[PDB]
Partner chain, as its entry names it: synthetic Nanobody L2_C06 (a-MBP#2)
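Just the one chain here, the form deposited without its partner chain, laid out as structure tokens.
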């Protein structure tokens, strides 16, 4: 309270950011402390939920939908003037149910990487890569090698013509709409598989294999991110970085990830953070300071991005990001990765046709939750089936009780049958006795009248 504590990961320019913190400390008297604690993404939900930890946290936007789901983040309110300082599409990476929940900072995305010496004019279209490889193979090189084991890297081509992870309409994801076996994704994947079939790529090619091959000049092109540049730098291949090839006319569609600054729902300093982010960090001065300590890569702030774009590699990254699909910030996306990962490997390794591989994603992406659903139906079915067991229990105590009554009743009734039957005749003979006596009285009176009348 009265000061701002901020968490950013250790692989970012925290000192650079502290500098911005000091400029703020000077101008308002508010001391800003910047920290990079160990695995802070895991640490965040634990300290925010007891009014502790950072007033503001910098992280990949995808972890944030999980935090907003637990109401951990403050809703942010930037006037539209400020909203037009950043790229439209970056805001879409920081919404949850229509509420804006964090400030976009950086933008990251795969790009085509190529050896200028081997290939000074990288191709624009996937379609021409086969022919290009047949050429380079004749001088002991390959056209392209990139990580096929993972979907993050194979998606761009697959999504190109029509795929999508989850439909997005109004700042909201329909988690039941999955565009992974639409005719477009099938075309994407077929092509990719066909490249393997026609021995232009190896299905067992992963990250390290690709990286090594490019760095040793064994392949003309590869696909990869800004995280990889300082590595390729020191191979001293002469490498170009540029727009991903199109497919069937359409841009490749690589997933996009966005370093974002979010504010703690718990924090009291909500407006002093809003200030710090809006007026000190998200400016050319502020981003430049962080950039000096460690490059951010392509940024969300239009004005400063336009400066960094001198570096064509940073130009490419953003060009690709703007043609790509923001990576959905919803819990279920990890099911997507899981499912899609297995889908592709199978499709590639021959284990499945594209069609069956992609058709199963629809089933498998929910195998997690359908099974969990069956566990909870079964939970209820046992409550019911326990009730029925009570019912049977008293059914048996009942039957046992009403057996005794039947056995005893059989005999009661026998005694009664004899009682009322003996009581019967006894009353009868009494009455039948009264009759003979009256019969005799009437006989005796009648006999007298005859005497007297005669």
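Residue numbers count along the first chain shown, from 1.
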The stretch carrying the higher mean Cα B factor in the deposited entry, 260-268 or 202-210, is 260-268
Please work out which of 173-181 and 216-224 has the higher mean CA B-factor as recorded in the PDB entry.
173-181
Based on what the PDB entry reports, which of 168, 126, 89, 153 has the top C-alpha B-factor?
168
Which is it among 386, 402, 425, 393: the one with the largest CA B-factor in the entry?
386
Looking at the entry's B-factor column for C-alpha atoms only, identify whether residue 57 ranks in the lowest, middle or highest third of its chain.
middle
Among all modelled residues of this chain, ranked by Cα B factor, put residue 274 in the bottom, middle or top third, i.e. lowest, middle or highest.
highest
CA B-factor placement of residue 352, once the chain's modelled residues are sorted into thirds:
middle
Would the CA B-factor of residue 146 place it in the lowest, middle or highest third of its chain?
lowest
Residue 305: CA B-factor among chain residues, third -> lowest
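Here the subject shifts to the form solved in complex with its partner chain, a form of this protein not shown in this document.
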Is any part of 278-301 within 4.5 angstroms of its partner chain in the deposited bound form by a non-hydrogen atom, and which residues would that be?
none
